[PDB]
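Here the Cβ positions follow ideal geometry from the backbone for every residue, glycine too, while neighbour counts run over all protein chains shown. Values quoted throughout were computed directly from the atomic coordinates according to the rules given, and no laboratory measurement underlies them.
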Protein chains: 2
Amino acid sequence: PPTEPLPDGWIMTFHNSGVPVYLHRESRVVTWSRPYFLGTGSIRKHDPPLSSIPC
Amino acid sequence: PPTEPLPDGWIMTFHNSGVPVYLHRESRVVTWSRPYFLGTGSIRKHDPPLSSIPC
């Protein structure tokens, strides 16, 4: 799918497994699914960006 | 798998789709794969926590 931009402070980078991973540089936190800014959206009911849905 | 703790500021919460999602409360950022603290680990070469690997 088309990708939405990453939230502030995040970068998509290569992992040796061959999959991209997403690092928040300042906190040194990693996730394997593209993170996104929810803003004032409803955590329970919102539709995630298509580029952020796993498997 | 056994879960490793979430990094600071994150919470696992329910999404209407029936899947848990992970919210960083202060930044309002969401990811669909459990995030983890990498610390001084190698971004490229580290083994992620088993609870953090998608699909």
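Brief remarks follow.
- Taking N as its residue count, the alpha carbon Rg of the protein assembly as shown over 2.2 N^0.38 Å: 0.99
- Residues with amide H under 5 Å from that of A:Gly41, placed H, sequence gap 5 or more: none
- Measuring nothing but how far apart in sequence close Cα pairs (under 8 Å, 6+ apart) lie, relative to its length, chain B scores a relative contact order of 35 percent.
- ³J(HN,Hα) computed for each position of the stretch B:4-21 - Karplus, 6.51 cos²θ - 1.76 cosθ + 1.60, integer Hz, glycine/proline x: 7, x, 5, x, 3, x, 9, 9, 8, 9, 7, 10, 4, 4, x, 10, x, 10
- Residue-averaged beta-carbon neighbours from other chains (10 angstrom radius) around A:33-42: 5
- Pairwise centroid distance, computed over Cα atoms, of chain A with the stretch B:1-41, Å: 11
- Taking a Cβ cut-off of under 15 Å around A:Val30, the surrounding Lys, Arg, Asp and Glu residues balance to a net charge of +2, with basic ones at +1 and acidic ones at -1.
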